[PDB]
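Below, chains carry the letters A, B, ... as their sequence lines are ordered, and counting in each starts from 1. In listed order, ligands and their atoms are each counted from 1. Below, all heavy atoms of this structure are taken into account, side chains as well, without hydrogens, waters or symmetry copies.
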Amino acid sequence: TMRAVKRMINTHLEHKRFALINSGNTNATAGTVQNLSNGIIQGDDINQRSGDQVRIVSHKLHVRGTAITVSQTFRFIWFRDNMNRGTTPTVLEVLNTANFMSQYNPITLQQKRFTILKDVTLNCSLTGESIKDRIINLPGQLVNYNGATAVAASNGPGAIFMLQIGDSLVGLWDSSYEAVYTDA
Amino acid sequence: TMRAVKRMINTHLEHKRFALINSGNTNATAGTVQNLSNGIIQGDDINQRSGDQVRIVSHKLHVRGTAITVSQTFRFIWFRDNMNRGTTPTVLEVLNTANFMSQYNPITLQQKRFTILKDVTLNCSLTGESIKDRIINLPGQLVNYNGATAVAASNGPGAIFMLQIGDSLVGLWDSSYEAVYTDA
Amino acid sequence: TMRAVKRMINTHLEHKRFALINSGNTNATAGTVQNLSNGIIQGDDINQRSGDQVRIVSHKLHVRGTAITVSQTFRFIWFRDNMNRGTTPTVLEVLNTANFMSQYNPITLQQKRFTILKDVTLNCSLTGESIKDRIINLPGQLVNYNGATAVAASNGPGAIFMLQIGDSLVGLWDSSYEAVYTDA
Amino acid sequence: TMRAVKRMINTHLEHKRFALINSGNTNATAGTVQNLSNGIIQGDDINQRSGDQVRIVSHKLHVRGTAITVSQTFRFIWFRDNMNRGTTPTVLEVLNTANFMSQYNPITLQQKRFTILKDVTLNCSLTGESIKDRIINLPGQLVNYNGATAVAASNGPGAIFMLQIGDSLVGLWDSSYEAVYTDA
Amino acid sequence: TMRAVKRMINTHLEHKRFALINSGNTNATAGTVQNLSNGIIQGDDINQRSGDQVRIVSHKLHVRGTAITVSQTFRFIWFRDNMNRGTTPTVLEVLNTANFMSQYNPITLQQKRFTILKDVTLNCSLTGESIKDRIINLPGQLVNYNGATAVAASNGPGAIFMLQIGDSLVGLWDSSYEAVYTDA
Amino acid sequence: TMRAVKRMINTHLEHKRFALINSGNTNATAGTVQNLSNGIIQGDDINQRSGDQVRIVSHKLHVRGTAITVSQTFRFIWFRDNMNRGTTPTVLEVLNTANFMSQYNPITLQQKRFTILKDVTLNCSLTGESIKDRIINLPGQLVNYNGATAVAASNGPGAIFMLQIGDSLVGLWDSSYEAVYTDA
Amino acid sequence: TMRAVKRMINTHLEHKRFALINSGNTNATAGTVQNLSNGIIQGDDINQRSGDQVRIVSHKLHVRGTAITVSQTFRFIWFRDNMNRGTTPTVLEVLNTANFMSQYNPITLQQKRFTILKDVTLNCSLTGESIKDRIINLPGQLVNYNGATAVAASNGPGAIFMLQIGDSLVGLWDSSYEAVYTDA
Amino acid sequence: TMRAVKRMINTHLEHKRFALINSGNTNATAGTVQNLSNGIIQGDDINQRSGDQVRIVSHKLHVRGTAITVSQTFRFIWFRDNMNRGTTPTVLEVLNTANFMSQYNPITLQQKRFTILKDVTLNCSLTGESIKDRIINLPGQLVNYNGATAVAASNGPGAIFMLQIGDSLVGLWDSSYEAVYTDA
Amino acid sequence: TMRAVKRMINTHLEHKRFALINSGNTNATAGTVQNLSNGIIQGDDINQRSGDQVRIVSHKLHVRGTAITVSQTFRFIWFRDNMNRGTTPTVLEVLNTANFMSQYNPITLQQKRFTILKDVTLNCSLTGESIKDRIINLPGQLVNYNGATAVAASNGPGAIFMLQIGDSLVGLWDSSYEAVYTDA
Amino acid sequence: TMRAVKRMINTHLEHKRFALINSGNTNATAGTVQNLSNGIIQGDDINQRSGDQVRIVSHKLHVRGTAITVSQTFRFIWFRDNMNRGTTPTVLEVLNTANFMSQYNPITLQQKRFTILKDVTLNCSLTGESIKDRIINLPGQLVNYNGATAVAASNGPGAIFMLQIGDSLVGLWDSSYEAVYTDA
Amino acid sequence: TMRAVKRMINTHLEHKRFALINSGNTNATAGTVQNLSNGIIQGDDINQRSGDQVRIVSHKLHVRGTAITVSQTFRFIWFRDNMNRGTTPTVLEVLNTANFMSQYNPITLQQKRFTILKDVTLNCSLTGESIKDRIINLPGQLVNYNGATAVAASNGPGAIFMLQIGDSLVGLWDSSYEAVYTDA
Ligand SMILES: [Ca+2]
Ligand SMILES: [Ca+2]
Ligand SMILES: [Ca+2]
Ligand SMILES: [Ca+2]
Ligand SMILES: [Ca+2]
Ligand SMILES: [Ca+2]
Ligand SMILES: [Ca+2]
Ligand SMILES: [Ca+2]
Ligand SMILES: [Ca+2]
Ligand SMILES: [Ca+2]
Ligand SMILES: [Ca+2]
Ligand SMILES: [Ca+2]
Ligand SMILES: [Ca+2]
Ligand SMILES: [Ca+2]
Ligand SMILES: [Ca+2]
Ligand SMILES: [Ca+2]
Ligand SMILES: [Ca+2]
């Protein structure tokens, strides 16, 4: 009945909820890393937290790419930083080289610095489907924080991020994110 | 046999049926909300109701988008308003911000004001597939009404709606809907 | 075992076979209804029948649409008329309104006048895939006739039809149909 | 409990019946092939068929030879053509060489193009028994047809034939044949 | 343990292999029939045969179409001729009418002259995906031959073919085929 | 078990087939010995062999005699030479004396040099039945060869022969023979 | 139990990791063969090896094609060379003919010189989706080497390769590859 | 058997060994952090490693303090950095304040950035026992590295360190360390 | 009931047989490699093969050395090349150095390129036993070929060879070889 | 109980006995075949036989070689001729080529014309052991004869022989033989 | 189930291999000791090691002697030095006296300083067999080393050696050695 104890435990805990949107970004050939969980700050509201831990019950990521000028590729890597000490990770920490085709960095994946949640490649064609999107929903895990406010120094172990990278600087991408979490 | 009892009960109940069509609508960047169950009004006909309750056995939504002038995105959110007190809900009650990429409103979803039945995004490309459609069929639930006629004030707990929102004002969408319901 | 005697029974019965083709038709905004089983007439040949009943073992419908002039939609509704009294059914008997987005007629579906076998929508784009097709194969049922020849008055309960309806008058569609049937 | 079911199925099926006679033919040193099942044509009578299949329950062949001028040999080969595509098969399809002593064609027998039902050799002597006959009765099989009328093009898989070949051109042979068949 | 006999048996039998390619053919509105297994001729090599039988363990067909001048359809029907007596079958033997939309010939399918292995339609659009392909792998059956060399008269019962038919004469199609077979 | 396995082994083996005719020979008072299996030579065709062994599944001998000038006797001895070293055996190897009434050679039979398959005597009368024939079908055994071509030196252990001997030189006899064999 | 033992063994072995990228290659009508595992050289780093064996736990191949000038096809064949003696295999070793439609080489596949891991065809259309990609992850096997450095002479049994071949010289393809391997 | 497995595995693995000494250091009131596992570098010797992981079977730390000028306290904190990304951690990451009496940093301990292996305080008195020492032996865990050589950037998750802090700058402390590890 | 199957399958398969003799060879200080199974070529005779596989049931090697001028050593290594791609292997592929005392090549033996069947050393003395010989019989395995004729290019995986090497150029060695094989 | 009955049967049967010696023969490079059982002739003595059969219970062969002029090899092949028709077999019937190194004749061994009882090679050296001998005892089999006296024509199925062949004409060999046989 | 784990463990470990040859040495009356395992040095190649331990799975020693001038004796003692501290053992450490007939040193054998693997004496006669050889294969044990390179100081506990001693200074001996070892 351990599955029953877990359930009733959860019925006593508020499932707080945080939403984020990030629209109108340029595709990046060298890549960028975007914060997802950083925006849950200390405070008393439904989308805030008490202390330096929350536990994500589920979270959802929506990504979108639109080709501009040339047909092009957008890659989105949704990941957990298991070992974050107050930074936004770099592209080269996640990828072997800063290229949209690159495989993961062998060292950081060997030691499990990161866990990859989803790796999505969208090809947007100006002679075909020039707009593409993907939404992904996943159960979550503990998130630890190193500080109270929405700055990079507050990220901690379990922080959630998304790396974007592609083969042009000209196309535009949008994202949004929701986390449902307890905070007991 | 409680399953055979349900079966036998439903065979004594008329399965009334209501149909609706809504076409030639422009895409909305701030969103709109369409009524679906509101059109079942008090009366004696096959697509009407006695009293202020019906029970939807099954219902079906057909949505369609056509890109005009620019390639563009159409989002359709089919939802149940569990707590309706005589209104058509606003876009911002359902979505955190009035943007086609937005996640759900954290507060109204935490409290289960709404239940999302299906959330559909169609990307219509003028260099590709410019017309897209989707039909979804689902078992239904109780619908309560707050009045006799087809006005917002008659919507009640269980009312069914569709939110439309997109990234352009220029393309056109169409929808249709059927509900099969008992009224005993 | 009955599943066995059923097997042995069928091995003593000739599986007669009827094929039909219907090419180069215009898309119809008000819709049309095409005959499928009507062409099995009284006679002694492999694609004919003795008496006024056959039993369809399996039947197969192939539909195809080609956009002309504008990107457009073709809908094909394969159906059985459970109650036919010597007619070709009208579009409005099947659909609530004569529009390619319409839901079914609530009255005729409530009373089970028709059974929908498959409902197929093909979106043909002159900036994308302008030619689309679908083949569907299904087990069949009894077909009764009201006369000997290939005229509407000969359709009877169980007659098989296809409704075609779309959003333009200028695209072209094709269909073909096969029925494999016993006639004992 | 099938055996008794086979019996019961058969009691519901008309056992149609077809008879043929073919008298006064000359012995052939190069052989000839005679039709037996071909004469069952599409029609409504007791010795006709609905559609392009019948199932022979039993069939019977009677052959007879009479020596004239010299003592001589008549051979009769009763056979099924499992693969007929609308022909009367040739002597060389069945026999390795066109001689009354020949063994079967190795290729057509290997691939089971033909099944030999009975192979009968009668030696008719003008100093002994100058007239000889043989009657053979066997259970039958499915017969498929490729058309409606009594022409070679209507023979199909399962067609029944008799090859006659001997060592003189002058003796006379007679045959007759009956098929009892269902036609459900 | 009798299932392991089959396996044990097959480890003692050489699995010979034959490959074929057939590139750059025009789409045909009246259709053509292409040989697939005919090219396995008598001889001592890995892609030849001893005698007039082989047993296909598996075989693979790859088809491809490219639109030229107009958007168009290519249909490919992979089939076994269960009753071949030394021909390449005609289009009308397989199809009711010589049209890319046609259903199968009712007579030849009734009598099981042919067994359809796969029926594939590719729609190639010059405003979309102008090149399409399909690869299909299936277990095989006995193949009998009527002669030694790669001519039509050598086809026999079990011979494997592909019918090609489409709605234009101008597009080009390619095919390739492999059979893995035992020859004991 | 062993019964099914044997059956299954044979389903994977080509049953090759060889046919032979030998017409119009004179009755021989000193006897002759005719080759039957010798004519299966090395090669790739249906009536040839790989290597120096085949296994006869079944074989059939047809013999015929016709009296000329005087009533007379024809004897046909169908036999296997279990020990053949590249010869056509002599009459005296098989028969004690070279006379149509003779019993077998005591020595060669004691040591099982030969196995008698069938011994047939036909008395043909010019005042009665002047023409007689007999067909015999038997399961077969291994046949080894000592060479590749249809010459006496290629006969080997298991070779099949027929001795003919009679009481006149003037009558004529005919024979034919078939062997069905595997060659794995 | 041997299952949990596989578990405990592997937790004591370092899972070394190697990554590779190969961008901006022209499509090849005669094909090329690319090295994948060759780049793991003798050394002490995370992406190197001790001795001449490693065991690939998992490996991942990402392929991508972009049509240039004409719509065109790119095929990628990921394979293991079970028998490599210090070479990069040739296109004719893997394919019956050097054509993007070709089936596999009958001889090298019969003898299991190669094991095909995945065979991918991407059709890239300049009127449609001009950019396409595919990522494939598979468990791996032992890899033996014939030398220490990243040259063809160091490939050995188990070496991993990708063959690229298409129908134009003008389009561009990219690939990347990761192997996770033990080196105990 | 299970516990035997672990023990059997280990007899097949070389237990490499690394020793370190660090003598004659001043007591630090603000503290210092010393590297312990960092000195195991890539190479082939008994005290080196292949790749970027080793597994410490056991490790031993010896610490010593000598009071000089004033009686004083030396604290030594042996710890594992579970999340190291290529640094030597600071005193303030481990201790709430940089004082020898401080409790641990609440945040880094909450999130398990560090695991404390042992925390030892030696009070050295110039009127009593002026020299004190402690040796501690513990089983070990996996160590991951971020580089090949003995620099801070090579430290990785599982790196082992010792923090020293006290209440004078004048006393002297010594330490030494051994790790016994597998490297398979 | 499974061991009986093996035995039963083999009784239906011809045990073909190939013999070879290779007399009067000089002893070689740098070694030579002799072909043994290469001489079985495609064809229809008892010592030939159909296709590119045979299965050796048993094979026998006889080797002999005679000292001339000086007492000397002859070594013979009977081996299977598991990975042959159409060559005669070199001495250095099999042996670490080209010397009659050499141990095997570490790399090719590690990866199982070769399987050593028998390694025989004969010391022939002009003051003692100047002639020595050895005969070895072993069960065999599958042999694959890469072509039809007796050239090195036709050797394939499973090819059988003998390496000869010694300490003089002047003595003479002889060999002979037989393989008994199935070829189904 | 096959063991007891068999023993008792033999106690009632005279075990007759025949001895032979054959001294002072030259080594033969083309080989010779010597008779062993032939010398048991019809008669009433202990070393003779009644009729044309005996059963060898046991037999013993002693062979010896003496080098003269040159060190040389003597081979002795003791064999049974299972199919003898009154000859002394030739060397080429037994050996592939007439050389002391030859393997057996593939054809005559395949068909089991001969059974090899023992194959012995003696290397006689004028600088070592110049005289060698070997004695071999085996259980025997049935021997059939084709005549009464000690001439080649009396040899029959089961006759026992010895083939001698070597690499010189000048050395001398001796043999002796005994057969113990029943003659009931 | 510990023979399964042992087996499974070893399938994950590279079996490295080292080969050695040592030709053309003089017989020694006072003896010599040759190194065998010392040549496995630290490095990354197939015949090298990581760290200071390997585990020999099997090893093989080949020894050979040739008499020169006088008939003479060669003795070879293959042994493991269980206690080596970085030397090459002396002859008197192994043998009681430095004479080829000596028994072992009582003190070093009592304390098990050495384990004798094989002790071989070859008597080479210039009036008989002047060349003799022996190959010995044995399972191995752990080998520890005391340094990185192929010098005496690197030998450690488990080092493998061969002592050679004889009764002449003028004959020549050869040896070779192979170790197969894991290095995990
Ligand atoms: Ca909290
Ligand atoms: Ca109500
Ligand atoms: Ca009629
Ligand atoms: Ca009817
Ligand atoms: Ca019928
Ligand atoms: Ca065959
Ligand atoms: Ca397009
Ligand atoms: Ca051939
Ligand atoms: Ca054969
Ligand atoms: Ca390794
Ligand atoms: Ca190294
Ligand atoms: Ca490591
Ligand atoms: Ca073969
Ligand atoms: Ca007597
Ligand atoms: Ca007797
Ligand atoms: Ca080691
Ligand atoms: Ca001597």
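- The shortest non-hydrogen separation linking I/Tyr145 to G/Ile107 is O-CG2, 3.7 Å.
- Ring centers of D/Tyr181 and D/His15: at least 6.0 Å apart, outside the cut-off.
- Between the Ca ion (ligand 13) and the N, O or S atoms of I/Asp183, the shortest distance is to OD1.
- Partner of F/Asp183 under the salt bridge (charged side-chain N to carboxylate O under 4.0 Å, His left out) criterion, chosen from F/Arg17, F/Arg55, F/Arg49, F/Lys16: F/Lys16.
- Distances from the Ca ion (ligand 14) to each N, O or S atom of J/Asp44 single out OD1 as the nearest.
- C/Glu178 and E/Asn96 are not linked by any side-chain donor-acceptor pair at a separation below 3.5 angstrom, with hydrogens and angles left out of the test.
- Of all N, O or S atoms in E/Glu14, the one lying closest to the Ca ion (ligand 13) is OE1.
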